[PDB]
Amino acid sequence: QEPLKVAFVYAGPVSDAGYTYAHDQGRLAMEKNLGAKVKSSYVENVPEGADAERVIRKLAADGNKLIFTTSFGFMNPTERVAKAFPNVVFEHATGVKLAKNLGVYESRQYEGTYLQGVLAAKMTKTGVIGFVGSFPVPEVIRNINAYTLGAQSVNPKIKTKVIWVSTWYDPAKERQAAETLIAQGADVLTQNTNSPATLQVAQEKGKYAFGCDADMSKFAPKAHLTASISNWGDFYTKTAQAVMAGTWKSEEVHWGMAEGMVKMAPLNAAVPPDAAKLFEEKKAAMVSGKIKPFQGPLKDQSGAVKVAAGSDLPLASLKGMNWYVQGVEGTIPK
């Protein structure tokens, strides 16, 4: 068989050392695993809307038979190109739109974020943890709520302050947002943006933060408590193999810590032994499915019950999550 032409569309740069870096490490793992059977290429820094549609269409027109579109913002462009290219397989990250030649895939990174919350509660001195958000889409709201629930499993009085930058990647805006969270009393920060900017600010101010999608400890060795690492390579390999073998079908795929898509970086030396022990126990329980981030009981911020004790939040509620747990608030606007 001719080598399978595979293309990756990134919303950011491979030099983000975060989200796009991790997707690109997955492409390179697919190339290592499948060798001469695959020929990969990529496009970085692709904007949303008309630009994304033009890039995706050009890759399909040039003979790519499998195209990964790695941003939420590529959802509608991917759906429109997939209709025009019925002999090409499309895989869209974090989306909810499917077709005969369009699948969707995502990680359960919120499993990792829950464990970051457990550690944040152990390491905070203010009792206020902070979150740099991109856009209020379900991926990000699940991470905000999981961070908060993980912290509240240690200290039920924890408060989570959220600031929004309306971008997935802008190191200058991310830095400003991290400065504002620390000014408003957050002392352990996480994010759903894509740069190490928040970590660099945390180190400058003597605060803590987490790496996102990759180990970011080299950017901020004193501030980096751990990181929720995204391993896409096994998924990209499996998908490329399926297309080559004629077994591919449209489905919604979500992998977490049990499937190896989500891993934690080693703990910072500053984490005391009581905190490290709890973290390792909760990590083992998360991998085994003994605990789930959205196990009941859960209430929203209006006091409405979302999940009773002894139940887990349903898949439909996870997929569309647009509500907050008690203790989530915004920053005062600058």
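Heads up: residue numbers just count along the shown sequence, starting at 1.
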property	result
Segment of higher mean CA temperature factor, 188-196 or 246-254	246-254
Average Cα temperature factor in the PDB entry - higher stretch of 148-156, 260-268	260-268
From 108, 173, 92, 218, residue of greatest CA B-factor	218
Assigned third (lowest, middle, highest) for the C-alpha B factor of residue 57	middle
Residue 139 - Cα temperature factor, lowest/middle/highest third of chain	lowest
Third of chain Cα B-factors occupied by residue 203	highest
Residue 132 - Cα temperature factor, lowest/middle/highest third of chain	lowest
Lowest, middle or highest third - CA B-factor, residue 24	lowest
